[PDB]
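**Q** Residue numbers (the deposited numbering): 1 to 134.
No residue lacks a Cβ here, since even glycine has one placed at the ideal position from N, Cα and C.
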Amino acid sequence: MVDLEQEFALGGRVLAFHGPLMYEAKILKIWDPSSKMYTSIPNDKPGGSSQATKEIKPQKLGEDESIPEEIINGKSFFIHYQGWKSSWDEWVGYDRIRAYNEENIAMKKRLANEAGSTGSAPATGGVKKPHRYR
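1) Tell me, to the nearest whole angstrom, how far the beta carbon of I27 is from that of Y38; I am working on the premise that it is less than 8 Å.
2) Alpha carbon to alpha carbon, what distance is there between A25 and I79?
3) Below 8 Å on the Cβ atoms is my guess for residue 192 versus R98; work out the distance and round it to an integer in Å.
4) Does the distance from the CB of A115 to the CB of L21 come in under 8 Å?
5) Give me the Cα-Cα distance between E102 and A112, rounded to the nearest whole angstrom.
6) In terms of residues, what are the limits of the beta strand (DSSP E) holding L15?
7) How big is the Cα-Cα spacing for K60 and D32?
8) What is the rounded straight-line gap between the Cα of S117 and the Cα of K45?
9) Report the residue ranges of all beta strand (DSSP E) runs contained in full by the stretch 30–90; include only those spanning at least 3 residues, in chain order.
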């Protein structure tokens, strides 16, 4: 529709590309190197929260999170992976995640064709499949 869709929107969708395939995501707590601390809003209820609260004050990170120096130094987004478990509630860097827009849909649809299978085999297929790992 408009160019604005390309920007992260604090309660828009984001799509996040893991490597073989990509999934739906939804921002709520976000991060920037300018203060190396985050900010958050009541946009969901993670799998270990009563709810996210109103205009959450910046606090030092690492109460339940981890971010490598790869996404510390850049824009980052704590998200609920949609159609998926709350176990995956994590942040991604803007190298893997992007705000819901037509370019990401072209990615989505290409991958939804080339690799659109469940990965329910002893070879993982192309899916993050949490059922077992080592």
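**A** On the basis of the data shown:
1) So it is not a contact: roughly 11 Å between Cβ atoms.
2) 6 Å
3) It is not possible to answer for residue 192, since the shown part of the chain is limited to 1 through 134.
4) yes
5) 14 Å
6) 14–17
7) 12 Å
8) 29 Å
9) 37–40, 76–79
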